[PDB]
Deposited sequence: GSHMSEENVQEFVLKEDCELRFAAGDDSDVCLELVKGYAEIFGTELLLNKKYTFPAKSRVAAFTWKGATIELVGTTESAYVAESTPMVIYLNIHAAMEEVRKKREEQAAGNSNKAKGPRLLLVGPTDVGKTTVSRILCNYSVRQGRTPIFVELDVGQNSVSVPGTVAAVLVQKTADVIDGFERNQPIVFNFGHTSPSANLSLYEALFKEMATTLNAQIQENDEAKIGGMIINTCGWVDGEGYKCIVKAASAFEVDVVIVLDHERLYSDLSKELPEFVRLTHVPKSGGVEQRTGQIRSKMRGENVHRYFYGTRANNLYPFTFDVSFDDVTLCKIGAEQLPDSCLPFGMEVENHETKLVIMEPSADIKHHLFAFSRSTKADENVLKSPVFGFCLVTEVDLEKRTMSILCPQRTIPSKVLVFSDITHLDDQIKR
């Protein structure tokens, strides 16, 4: 197996992408390095799968070994990493000030905005990790229903971050708060999209009253890439609902310029460039990535294999329903057209007005519909259904 050795000076990153076919293994063999804010352990072997795009950054200097076939691999001397560090530094300063002002203190809340493929999710992740590394537990809010790093696509979610992200597997998705939107873009139903993140914000505000460390941890809010048209007023409502202190605009000067005139004067607005290592992804790639996210939801990762159950449910034992006038519930009769669709297990016990603004327990996928036997087969993360009320998502998956 073929090996590549890289010497990184201080403030450089090794940018590489694993091949189309094979894995690439990475090992820090000298110095200190981090991958999107998580510290690498000396001499540990991190196996990344095909098509991964990764940057290992060092503040002090590093020597790194890559084993396996790469599509690209190079050391970059210029990065915006200090910018990202300074935003974290600034956040922690606000925390101290507010803690001292509370002899309960509320941490800073930061909204990241900008178009797709600017490294927004990556920055969110760096910022969450740096807070954890500072001793804090931030709440990561994920409003991107398309490319969601917390739950399945078609959801709006939040997780309390208590551990740095796993280098390979991202953050722990333990006990998130998940709302089912049911579409991959907000433009499919914008009034429902706003209702859901408004209920996210209110729910979060109540939950943090019972948790001092989460309250002072603050929020890092990742948004989707829809910054034009109605997408724009939606950024302003999200900044309002979550009472954000800071808006970070990534690589969009007109957007930065427009928010500067509309946001309240107390809201700090910063424009940062995208990293030279962010690469543009096609729709085929993002579609494939939505699929892998679904697969992960049920089957977990290589390091943490999850073992889901495939069992039959009677149509008499459940109620199928669908949201969408934009915010009305509709009872669905079992049909062949629900095959391959995700369904959310609602926390509402009855199919009524409560379903809309209720978070969900989790998701199943309908694999078979047996109309003659009046049963469906579902793939499910647990043994028995946690709720009898099943809410439709337009997201489909072939297992």
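> Which bits of the deposited sequence have no atoms placed for their C-alpha?
No C-alpha for residues 1-6, 110-113, 335-351, 427-431.
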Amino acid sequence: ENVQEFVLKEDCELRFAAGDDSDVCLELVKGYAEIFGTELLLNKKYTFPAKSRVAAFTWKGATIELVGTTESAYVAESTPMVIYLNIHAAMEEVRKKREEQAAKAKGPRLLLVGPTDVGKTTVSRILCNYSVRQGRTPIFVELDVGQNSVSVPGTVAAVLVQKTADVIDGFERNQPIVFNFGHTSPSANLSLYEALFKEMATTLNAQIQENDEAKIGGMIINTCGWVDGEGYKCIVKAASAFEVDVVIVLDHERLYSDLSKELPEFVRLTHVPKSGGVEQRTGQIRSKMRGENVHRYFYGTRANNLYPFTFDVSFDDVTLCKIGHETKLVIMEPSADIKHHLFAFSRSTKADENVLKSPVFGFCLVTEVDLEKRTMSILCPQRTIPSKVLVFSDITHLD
From here on, numbers count along this sequence of modelled residues.
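> Please report whether at least a third of the other compared entries leave residue 102 without coordinates.
Across the other compared entries, residue 102 is absent from none.
> Do at least a third of the other entries of this protein fail to model residue 326?
Yes, left without coordinates in at least a third.
> Would you tell me which stretch averages the higher CA B-factor in the PDB entry, 77-85 or 302-310?
The deposited B-factors put 302-310 ahead on the C-alpha mean.
> Taking only the CA atoms, which stretch has the higher mean B-factor in the record, 29-37 or 48-56?
It is 48-56 that shows the higher mean C-alpha B-factor.
> Considering only 67, 364, 336, 42, which residue's Cα atom bears the greatest B-factor as recorded?
Of 67, 364, 336, 42, 336 has the highest C-alpha B-factor.
> If you check the C-alpha B-factor for each of 183, 261, 237, 163 in the entry, which is highest?
If I rank 183, 261, 237, 163 by C-alpha B-factor, first place goes to 261.
> In terms of the chain's CA B-factor thirds, is residue 251 lowest, middle or highest?
It falls in the bottom third of the chain.
> Lowest, middle or highest third: which one holds residue 129 when the chain's residues are ordered by CA B-factor from the entry?
For residue 129, whose C-alpha B-factor we compare with every modelled residue in the chain, the answer is the lowest third.
> By the recorded C-alpha temperature factor, relative to the other modelled residues in its chain, which third is residue 398 in?
Tercile = highest for this residue's CA B-factor.
> Pull the Cα B-factor of residue 10 out of the PDB entry and bin it into the chain's lowest, middle or highest third.
It belongs to the middle third of the chain when residues are ordered by C-alpha B-factor.
> How does residue 319 rank on Cα B-factor within its chain, lowest, middle or highest third?
Highest third, going by the recorded CA B-factors of the chain.
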